[PDB]
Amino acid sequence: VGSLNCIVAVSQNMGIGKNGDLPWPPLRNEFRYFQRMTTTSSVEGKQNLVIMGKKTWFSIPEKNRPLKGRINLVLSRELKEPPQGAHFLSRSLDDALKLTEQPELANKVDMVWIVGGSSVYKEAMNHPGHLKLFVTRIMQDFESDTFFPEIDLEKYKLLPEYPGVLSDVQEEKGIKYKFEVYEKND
């Protein structure tokens, strides 16, 4: 148990997913940022924990499952075991978050990252303590069927910069995006 973080990429219309995939074409540098933010731990020997819902797990290409170099945990109210390739399954975010503090995971885990999708985000962002939201603002509209909740600029602060995050507008494949980090500490 290190810090609690959500990471998402979201279109100008708040879209995160379309038919079990992302709503925009592949953005390699965006995937690379995701990978470097979720995989990097400054503590040797540790890994970060990625928590996700079941549709989010299945949205990941099989070659990238489980997400390499991270401990993967899937949320589901139904599955009897973790899905093929996964090793953790929790019935709730509280259950998962509790599971981190021991019996055996808590000397292996550094940062905890919520990587989607909508319901998991809603609950984490609401979760009382110290929270950071890493949001890639995909600076146009895309047809979507899954959405990210509006961020309350009265509870969260927008940070002007953040270590290892590029602060200028980026562009790729003709699509502009901004990496943002928001922080709350209620």
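C-alpha atoms forming the largest set that superposes within 1.5 Å between two forms make up the rigid core. Quick note: we count residues from 1 along the sequence shown, nothing fancier.
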property	result
Higher-deviation segment by CA RMS in 7 other deposited structures of this protein, core fitted, 147-155 or 133-141	147-155
Which of 83-91 and 101-109 strays further in 7 other deposited structures of this protein - Cα RMS after rigid core alignment	101-109
Which of 64-72 and 150-158 has higher mean CA B factor, as the PDB entry lists it	150-158
Per the entry, higher mean C-alpha B factor between 25-33 and 119-127	119-127
Lowest, middle or highest third - CA B-factor, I51	lowest
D141, C-alpha B-factor rank within chain (lowest, middle or highest third)	highest
Position of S90 among the chain's modelled residues by C-alpha B-factor, lowest, middle or highest third	lowest
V10, C-alpha B-factor rank within chain (lowest, middle or highest third)	lowest
